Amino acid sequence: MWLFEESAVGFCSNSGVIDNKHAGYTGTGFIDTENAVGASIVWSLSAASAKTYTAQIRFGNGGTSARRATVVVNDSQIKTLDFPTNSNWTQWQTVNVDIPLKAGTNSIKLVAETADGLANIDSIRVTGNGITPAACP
């Protein structure tokens, strides 16, 4: 498995800023995107073989609504996740999503579907053997 943090290898780009204002994150902080449709985060990973893997995204959302966003893998839309609010920025949340990966380098992007942008994204964890970070394109 590999746990991908902002500003660590495997992390490519993000809309908005990196921040640490709500305690409870892992690594240095989390991504706080601007409030815009299409706000995104991009990661790059390598997989030893082609199959479906479970990814888990850890996030904060204590805002007034869910912050729906689409998981894109290798330029293909895989699934839209809700990212619900719990009105509690001290309680980080997790959501699991299955993603098809190819052998070799893969891209994963998360893209905001609404004007509230993304939830604050702490990390993405991809489970399974043979997963490592990859260089950014």
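The numbering used is simple: start at 1 and walk along the sequence shown.
According to the PDB record, 96-104 carries the higher mean C-alpha B-factor of the two stretches 32-40 and 96-104. Just going by the entry, 123-131 versus 16-24 on mean CA temperature factor gives the higher value to 123-131. Set against one another, the Cα B-factors of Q91, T64, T70, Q56 in the record reach their highest point at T64.
In this PDB entry, the Cα temperature factor of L110 sits in the bottom third of its chain's modelled residues, the lowest group.
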